[PDB]
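Printed here is final13.pdb (PDB, N, CA and C atoms and all ligand atoms):
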```
ATOM      1  N   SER A   1      79.213 108.068  28.044  1.00  0.00           N
ATOM      2  CA  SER A   1      80.354 107.718  27.155  1.00  0.00           C
ATOM      3  C   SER A   1      81.700 108.126  27.772  1.00  0.00           C
ATOM      4  N   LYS A   2      81.855 109.435  28.059  1.00  0.00           N
ATOM      5  CA  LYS A   2      83.072 110.034  28.591  1.00  0.00           C
ATOM      6  C   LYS A   2      82.895 110.272  30.084  1.00  0.00           C
ATOM      7  N   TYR A   3      83.906 109.869  30.864  1.00  0.00           N
ATOM      8  CA  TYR A   3      83.935 110.004  32.306  1.00  0.00           C
ATOM      9  C   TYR A   3      85.150 110.822  32.705  1.00  0.00           C
ATOM     10  N   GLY A   4      84.907 111.940  33.401  1.00  0.00           N
ATOM     11  CA  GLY A   4      85.933 112.909  33.698  1.00  0.00           C
ATOM     12  C   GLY A   4      86.593 112.612  35.029  1.00  0.00           C
ATOM     13  N   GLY A   5      87.823 113.092  35.141  1.00  0.00           N
ATOM     14  CA  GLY A   5      88.527 113.088  36.374  1.00  0.00           C
ATOM     15  C   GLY A   5      89.717 114.008  36.353  1.00  0.00           C
ATOM     16  N   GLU A   6      90.645 113.763  37.268  1.00  0.00           N
ATOM     17  CA  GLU A   6      91.870 114.543  37.372  1.00  0.00           C
ATOM     18  C   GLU A   6      93.037 113.575  37.395  1.00  0.00           C
ATOM     19  N   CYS A   7      94.191 114.035  36.963  1.00  0.00           N
ATOM     20  CA  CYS A   7      95.363 113.209  36.844  1.00  0.00           C
ATOM     21  C   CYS A   7      96.394 113.536  37.924  1.00  0.00           C
ATOM     22  N   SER A   8      97.219 112.518  38.219  1.00  0.00           N
ATOM     23  CA  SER A   8      98.361 112.590  39.097  1.00  0.00           C
ATOM     24  C   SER A   8      99.608 112.657  38.232  1.00  0.00           C
ATOM     25  N   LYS A   9     100.409 113.716  38.381  1.00  0.00           N
ATOM     26  CA  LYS A   9     101.656 113.806  37.639  1.00  0.00           C
ATOM     27  C   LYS A   9     102.641 112.747  38.118  1.00  0.00           C
ATOM     28  N   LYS A  10     102.781 112.631  39.437  1.00  0.00           N
ATOM     29  CA  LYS A  10     103.759 111.702  39.999  1.00  0.00           C
ATOM     30  C   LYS A  10     103.487 110.249  39.620  1.00  0.00           C
ATOM     31  N   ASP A  11     102.202 109.877  39.532  1.00  0.00           N
ATOM     32  CA  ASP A  11     101.821 108.505  39.187  1.00  0.00           C
ATOM     33  C   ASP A  11     101.518 108.280  37.711  1.00  0.00           C
ATOM     34  N   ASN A  12     101.280 109.364  36.974  1.00  0.00           N
ATOM     35  CA  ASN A  12     100.753 109.312  35.620  1.00  0.00           C
ATOM     36  C   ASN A  12      99.462 108.456  35.565  1.00  0.00           C
ATOM     37  N   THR A  13      98.528 108.770  36.461  1.00  0.00           N
ATOM     38  CA  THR A  13      97.219 108.170  36.528  1.00  0.00           C
ATOM     39  C   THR A  13      96.097 109.174  36.361  1.00  0.00           C
ATOM     40  N   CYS A  14      94.949 108.683  35.958  1.00  0.00           N
ATOM     41  CA  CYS A  14      93.691 109.397  35.894  1.00  0.00           C
ATOM     42  C   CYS A  14      92.741 108.758  36.901  1.00  0.00           C
ATOM     43  N   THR A  15      92.169 109.536  37.809  1.00  0.00           N
ATOM     44  CA  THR A  15      91.099 109.109  38.691  1.00  0.00           C
ATOM     45  C   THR A  15      89.793 109.659  38.164  1.00  0.00           C
ATOM     46  N   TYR A  16      88.921 108.824  37.619  1.00  0.00           N
ATOM     47  CA  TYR A  16      87.688 109.248  36.969  1.00  0.00           C
ATOM     48  C   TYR A  16      86.487 108.748  37.775  1.00  0.00           C
ATOM     49  N   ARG A  17      85.378 109.468  37.718  1.00  0.00           N
ATOM     50  CA  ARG A  17      84.123 109.141  38.359  1.00  0.00           C
ATOM     51  C   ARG A  17      83.217 108.429  37.359  1.00  0.00           C
ATOM     52  N   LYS A  18      82.770 107.219  37.730  1.00  0.00           N
ATOM     53  CA  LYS A  18      81.858 106.444  36.907  1.00  0.00           C
ATOM     54  C   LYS A  18      80.978 105.572  37.816  1.00  0.00           C
ATOM     55  N   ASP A  19      79.646 105.656  37.626  1.00  0.00           N
ATOM     56  CA  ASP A  19      78.602 104.941  38.362  1.00  0.00           C
ATOM     57  C   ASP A  19      78.815 105.029  39.876  1.00  0.00           C
ATOM     58  N   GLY A  20      79.083 106.279  40.302  1.00  0.00           N
ATOM     59  CA  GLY A  20      79.176 106.639  41.700  1.00  0.00           C
ATOM     60  C   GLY A  20      80.489 106.249  42.366  1.00  0.00           C
ATOM     61  N   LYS A  21      81.500 105.733  41.627  1.00  0.00           N
ATOM     62  CA  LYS A  21      82.773 105.340  42.199  1.00  0.00           C
ATOM     63  C   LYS A  21      83.929 106.025  41.470  1.00  0.00           C
ATOM     64  N   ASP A  22      85.049 106.148  42.172  1.00  0.00           N
ATOM     65  CA  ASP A  22      86.304 106.578  41.612  1.00  0.00           C
ATOM     66  C   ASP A  22      87.122 105.418  41.121  1.00  0.00           C
ATOM     67  N   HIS A  23      87.658 105.501  39.917  1.00  0.00           N
ATOM     68  CA  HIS A  23      88.445 104.466  39.289  1.00  0.00           C
ATOM     69  C   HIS A  23      89.787 105.047  38.893  1.00  0.00           C
ATOM     70  N   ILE A  24      90.899 104.425  39.241  1.00  0.00           N
ATOM     71  CA  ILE A  24      92.242 104.896  38.941  1.00  0.00           C
ATOM     72  C   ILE A  24      92.818 104.079  37.808  1.00  0.00           C
ATOM     73  N   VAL A  25      93.113 104.698  36.656  1.00  0.00           N
ATOM     74  CA  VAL A  25      93.732 104.045  35.504  1.00  0.00           C
ATOM     75  C   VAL A  25      95.030 104.758  35.200  1.00  0.00           C
ATOM     76  N   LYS A  26      96.013 104.055  34.674  1.00  0.00           N
ATOM     77  CA  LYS A  26      97.179 104.689  34.132  1.00  0.00           C
ATOM     78  C   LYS A  26      96.788 105.561  32.935  1.00  0.00           C
ATOM     79  N   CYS A  27      97.374 106.763  32.880  1.00  0.00           N
ATOM     80  CA  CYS A  27      97.331 107.559  31.665  1.00  0.00           C
ATOM     81  C   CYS A  27      98.236 106.888  30.642  1.00  0.00           C
ATOM     82  N   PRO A  28      98.099 107.208  29.353  1.00  0.00           N
ATOM     83  CA  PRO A  28      99.117 106.838  28.394  1.00  0.00           C
ATOM     84  C   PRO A  28     100.480 107.426  28.724  1.00  0.00           C
ATOM     85  N   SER A  29     101.520 106.798  28.191  1.00  0.00           N
ATOM     86  CA  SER A  29     102.872 107.301  28.221  1.00  0.00           C
ATOM     87  C   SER A  29     103.104 108.287  27.060  1.00  0.00           C
ATOM     88  N   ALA A  30     102.164 108.355  26.115  1.00  0.00           N
ATOM     89  CA  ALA A  30     102.286 109.195  24.940  1.00  0.00           C
ATOM     90  C   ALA A  30     102.464 110.669  25.330  1.00  0.00           C
ATOM     91  N   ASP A  31     103.332 111.350  24.576  1.00  0.00           N
ATOM     92  CA  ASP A  31     103.738 112.708  24.942  1.00  0.00           C
ATOM     93  C   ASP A  31     102.586 113.683  25.169  1.00  0.00           C
ATOM     94  N   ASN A  32     101.578 113.589  24.314  1.00  0.00           N
ATOM     95  CA  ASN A  32     100.465 114.540  24.359  1.00  0.00           C
ATOM     96  C   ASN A  32      99.180 113.947  24.885  1.00  0.00           C
ATOM     97  N   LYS A  33      99.328 112.874  25.693  1.00  0.00           N
ATOM     98  CA  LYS A  33      98.250 112.304  26.481  1.00  0.00           C
ATOM     99  C   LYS A  33      98.632 111.994  27.927  1.00  0.00           C
ATOM    100  N   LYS A  34      99.909 111.994  28.298  1.00  0.00           N
ATOM    101  CA  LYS A  34     100.308 111.779  29.684  1.00  0.00           C
ATOM    102  C   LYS A  34      99.955 112.931  30.629  1.00  0.00           C
ATOM    103  N   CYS A  35      99.917 112.677  31.925  1.00  0.00           N
ATOM    104  CA  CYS A  35      99.659 113.717  32.887  1.00  0.00           C
ATOM    105  C   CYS A  35     100.884 114.631  33.020  1.00  0.00           C
ATOM    106  N   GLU A  36     100.789 115.831  32.433  1.00  0.00           N
ATOM    107  CA  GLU A  36     101.881 116.785  32.388  1.00  0.00           C
ATOM    108  C   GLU A  36     101.802 117.714  33.595  1.00  0.00           C
ATOM    109  N   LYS A  37     100.572 117.947  34.040  1.00  0.00           N
ATOM    110  CA  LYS A  37     100.275 118.962  35.024  1.00  0.00           C
ATOM    111  C   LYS A  37      99.443 118.250  36.067  1.00  0.00           C
ATOM    112  N   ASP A  38      99.927 118.290  37.283  1.00  0.00           N
ATOM    113  CA  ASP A  38      99.182 117.697  38.360  1.00  0.00           C
ATOM    114  C   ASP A  38      97.761 118.276  38.523  1.00  0.00           C
ATOM    115  N   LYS A  39      96.749 117.402  38.682  1.00  0.00           N
ATOM    116  CA  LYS A  39      95.332 117.721  38.782  1.00  0.00           C
ATOM    117  C   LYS A  39      94.716 118.242  37.477  1.00  0.00           C
ATOM    118  N   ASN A  40      95.376 118.048  36.338  1.00  0.00           N
ATOM    119  CA  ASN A  40      94.807 118.414  35.049  1.00  0.00           C
ATOM    120  C   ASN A  40      93.600 117.497  34.801  1.00  0.00           C
ATOM    121  N   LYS A  41      92.648 117.940  34.021  1.00  0.00           N
ATOM    122  CA  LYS A  41      91.512 117.179  33.580  1.00  0.00           C
ATOM    123  C   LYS A  41      91.984 115.989  32.761  1.00  0.00           C
ATOM    124  N   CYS A  42      91.385 114.849  33.052  1.00  0.00           N
ATOM    125  CA  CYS A  42      91.551 113.635  32.269  1.00  0.00           C
ATOM    126  C   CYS A  42      90.164 113.076  31.988  1.00  0.00           C
ATOM    127  N   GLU A  43      90.135 112.147  31.021  1.00  0.00           N
ATOM    128  CA  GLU A  43      88.880 111.489  30.687  1.00  0.00           C
ATOM    129  C   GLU A  43      89.160 110.054  30.299  1.00  0.00           C
ATOM    130  N   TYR A  44      88.245 109.181  30.713  1.00  0.00           N
ATOM    131  CA  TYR A  44      88.144 107.818  30.230  1.00  0.00           C
ATOM    132  C   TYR A  44      86.942 107.768  29.286  1.00  0.00           C
ATOM    133  N   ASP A  45      87.196 107.378  28.052  1.00  0.00           N
ATOM    134  CA  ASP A  45      86.186 107.266  27.028  1.00  0.00           C
ATOM    135  C   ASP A  45      85.808 105.790  26.937  1.00  0.00           C
ATOM    136  N   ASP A  46      84.586 105.456  27.376  1.00  0.00           N
ATOM    137  CA  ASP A  46      84.078 104.096  27.408  1.00  0.00           C
ATOM    138  C   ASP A  46      83.544 103.673  26.035  1.00  0.00           C
ATOM    139  N   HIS A  47      83.463 104.577  25.042  1.00  0.00           N
ATOM    140  CA  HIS A  47      83.087 104.232  23.672  1.00  0.00           C
ATOM    141  C   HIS A  47      84.338 103.806  22.903  1.00  0.00           C
ATOM    142  N   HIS A  48      85.361 104.678  22.899  1.00  0.00           N
ATOM    143  CA  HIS A  48      86.644 104.409  22.254  1.00  0.00           C
ATOM    144  C   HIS A  48      87.584 103.536  23.072  1.00  0.00           C
ATOM    145  N   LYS A  49      87.321 103.331  24.371  1.00  0.00           N
ATOM    146  CA  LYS A  49      88.176 102.561  25.279  1.00  0.00           C
ATOM    147  C   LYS A  49      89.559 103.184  25.383  1.00  0.00           C
ATOM    148  N   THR A  50      89.578 104.496  25.704  1.00  0.00           N
ATOM    149  CA  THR A  50      90.804 105.286  25.735  1.00  0.00           C
ATOM    150  C   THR A  50      90.848 106.153  26.991  1.00  0.00           C
ATOM    151  N   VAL A  51      92.085 106.508  27.364  1.00  0.00           N
ATOM    152  CA  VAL A  51      92.336 107.448  28.435  1.00  0.00           C
ATOM    153  C   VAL A  51      93.164 108.590  27.850  1.00  0.00           C
ATOM    154  N   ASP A  52      92.880 109.819  28.315  1.00  0.00           N
ATOM    155  CA  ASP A  52      93.681 110.980  27.911  1.00  0.00           C
ATOM    156  C   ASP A  52      93.793 111.865  29.140  1.00  0.00           C
ATOM    157  N   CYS A  53      95.022 112.188  29.536  1.00  0.00           N
ATOM    158  CA  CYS A  53      95.305 113.051  30.672  1.00  0.00           C
ATOM    159  C   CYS A  53      95.696 114.468  30.254  1.00  0.00           C
ATOM    160  N   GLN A  54      95.447 114.777  28.987  1.00  0.00           N
ATOM    161  CA  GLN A  54      95.532 116.108  28.450  1.00  0.00           C
ATOM    162  C   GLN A  54      94.228 116.458  27.731  1.00  0.00           C
ATOM    163  N   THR A  55      93.115 116.348  28.441  1.00  0.00           N
ATOM    164  CA  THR A  55      91.804 116.592  27.846  1.00  0.00           C
ATOM    165  C   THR A  55      91.744 118.035  27.406  1.00  0.00           C
ATOM    166  N   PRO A  56      91.220 118.346  26.181  1.00  0.00           N
ATOM    167  CA  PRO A  56      91.157 119.707  25.660  1.00  0.00           C
ATOM    168  C   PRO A  56      90.371 120.521  26.667  1.00  0.00           C
ATOM    169  N   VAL A  57      91.006 121.600  27.125  1.00  0.00           N
ATOM    170  CA  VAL A  57      90.368 122.715  27.810  1.00  0.00           C
ATOM    171  C   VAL A  57      90.437 123.907  26.839  1.00  0.00           C
TER
HETATM  172 CL    CL B 101      96.478 100.062  31.961  1.00  0.00          CL
HETATM  173 CL    CL B 102      94.490 104.520  26.366  1.00  0.00          CL
END
```

In structure tokens, how does this file's structure come out?
Amino acid sequence: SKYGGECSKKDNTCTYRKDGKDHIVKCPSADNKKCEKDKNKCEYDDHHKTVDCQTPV
């Protein structure tokens, strides 16, 4: 369901691992979902069809 990765602050992207490959998606522009911290945990949720670059730690 959920595929983890790390985010790029400069690009506001999430690079997530899914089925043995890396996939680069834009994070949201939303204040509390954008990549705030370089290399922060992000997730692509394939159930909800969402990206979050502020994954709860
Ligand atoms: Cl997009
Ligand atoms: Cl999204």

inquiry  = as a PyMOL selection string, please: the residues near segment 1-12 of chain A (cut-off 6 Å, all atoms listed in the file, same-chain neighbours under 6 positions excluded).
reply    = chain A and resi 25-27+35-47

At a cut-off of 6.5 Å, can you tabulate as a tab-separated table every residue of chain A near ligand CL 102 (chain B) together with its closest atom pair and the distance in Å to one decimal, using all atoms listed in the file and ordering rows by chain then number?
```
residue	atom	partner	partner_atom	distance
A:27	C	B:CL102	CL	6.2
A:28	N	B:CL102	CL	5.4
A:49	C	B:CL102	CL	5.2
A:50	CA	B:CL102	CL	3.8
A:51	N	B:CL102	CL	3.3
A:52	N	B:CL102	CL	5.9
```

task = Give the strand (DSSP E or B) residues of chain A, as DSSP finds them on the backbone, and put them as a PyMOL selection string.
result = chain A and resi 2-8+13-18+21-26+41-45+50-52

task = Please write as a list in words the full residue list that the PyMOL selection byres (((chain A and resi 32) around 7) and not hetatm) yields on this file.
result = residues 29, 30, 31, 33, 34, 52, 53 and 54 of chain A

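Taking atom CA of residue 15 of chain A and atom CA of residue 56 of chain A as the two end points, the separation is 16.8 Å.
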
request  = Go ahead and compute the interatomic distance for atom N of residue 57 of chain A and atom CA of residue 19 of chain A, in Å to one decimal.
outcome  =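 Atom-to-atom, atom N of residue 57 of chain A to atom CA of residue 19 of chain A, that is 23.6 Å.
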
task = Could you please determine the separation between atom C of residue 13 of chain A and atom CA of residue 55 of chain A in Å, to one decimal place?
result =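 A separation of 12.1 Å between them.
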